[PDB]
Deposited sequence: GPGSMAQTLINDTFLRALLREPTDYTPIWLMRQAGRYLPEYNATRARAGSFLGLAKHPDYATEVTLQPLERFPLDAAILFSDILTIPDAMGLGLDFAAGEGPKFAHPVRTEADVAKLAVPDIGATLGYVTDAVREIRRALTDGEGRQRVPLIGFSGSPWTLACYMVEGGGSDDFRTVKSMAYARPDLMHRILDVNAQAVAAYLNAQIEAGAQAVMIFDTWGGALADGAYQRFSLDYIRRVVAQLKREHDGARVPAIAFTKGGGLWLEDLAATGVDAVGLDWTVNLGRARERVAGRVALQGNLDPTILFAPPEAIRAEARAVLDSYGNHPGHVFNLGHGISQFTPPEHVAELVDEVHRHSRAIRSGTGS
């Protein structure tokens, strides 16, 4: 009779849709990561970061690790944003480096949307396996699964740079010097990101997140032309429903607090925020049009437990007693974070938000 397997805990999906809930749900960027000794042990068995991402059993294993420690309200597919340019044939290795950086008109001409099934089957296989792993003995799902991609601009940054960077000055200078080529890269990336996210949804992702980690490096004007317009192009092409449920879409431009209204008008269900943004003011700014995700400074997780819990209370109090907040950090968990500080954060967010709500 029911549309899908029983989801025991769906508060995360409900908050992204601005629905009534009993508490504020929480998941954390890099919840699978080097701060967990078991992640490092698994990474050692796999041989490398890419080994973990490219084999669905390893990807599934590390995705589930934080859920065994903490009562988080969602799982996020373990992968990397750079799977797409790898599938485009740029030769990813592990920061990240490409054997073939995108520099010339001829390089750009060779870019094409990958056949997602044929080149990135390992990602959809991980999504399928994680959905099976999140199922208990009675067939019920424990928590929802988040699928994800880099934004067209953020992918372009790595593609043109030829790997990681601290400022991506080389790609930004290409946007000003050769805007036509830049737009061509962004066009192909947007088509690829939509295809990739849609494939993840079909495989069982129940929400999707677009990580525009480097959008905040761009000047006003440039941000809209080279990043935001392409986020909109992706969202316009996304499946918005699957298995009888809305599939919420989230966009996060780190450093993008000035453009919240712009992001909230792209068609996404939710916008991610970093710690510089006043969460209550942001809620007013969007006037309930979208859910907000964030926005604790991850550096707070180095402070004592009483400080961590007080700061978690302050974030929640800033948002206030209204639907539509998913608690998260404004960036990923540091590799040096004590896991018990994550436990304390999750506990306080749950208890204090229940007291509010």
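Going by the record, the unmodelled stretches of the deposited sequence, in order, are 1-2, 97-100, 364-368.
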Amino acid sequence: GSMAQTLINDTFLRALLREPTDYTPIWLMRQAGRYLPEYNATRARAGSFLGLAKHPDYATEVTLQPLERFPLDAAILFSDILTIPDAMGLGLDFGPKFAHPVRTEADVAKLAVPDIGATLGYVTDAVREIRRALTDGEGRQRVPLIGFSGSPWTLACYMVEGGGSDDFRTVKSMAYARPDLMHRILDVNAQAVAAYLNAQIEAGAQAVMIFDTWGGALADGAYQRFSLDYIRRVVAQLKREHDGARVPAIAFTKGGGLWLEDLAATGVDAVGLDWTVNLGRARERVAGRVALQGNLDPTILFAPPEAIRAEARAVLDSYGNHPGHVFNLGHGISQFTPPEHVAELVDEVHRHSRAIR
From here on, numbers count along this sequence of modelled residues.
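The stretch 113-121 shows the higher mean C-alpha B-factor when 113-121 is compared against 234-242 in the entry.
Between the stretches 64-72 and 46-54, it is 46-54 that shows the larger average CA temperature factor.
The PDB entry gives the largest Cα B-factor of the residues 269, 220, 166, 274 to 166. Remark: of 87, 228, 193, 205, 87 shows the highest value [criterion: C-alpha B-factor in the PDB entry]. Compared with the other modelled residues of the chain, the Cα B-factor recorded for residue 154 ranks in the middle third. Among all modelled residues in this chain, the alpha-carbon of residue 325 has a temperature factor (C-alpha) in the lowest third. Ranked by C-alpha B-factor against the other modelled residues of its chain, residue 288 falls in the highest third.
Residue-level temperature factors show residue 98 in the highest third of its chain, judged at the C-alpha atom. Sort the chain's modelled residues by C-alpha temperature factor and residue 354 lands in the middle third, per the entry.
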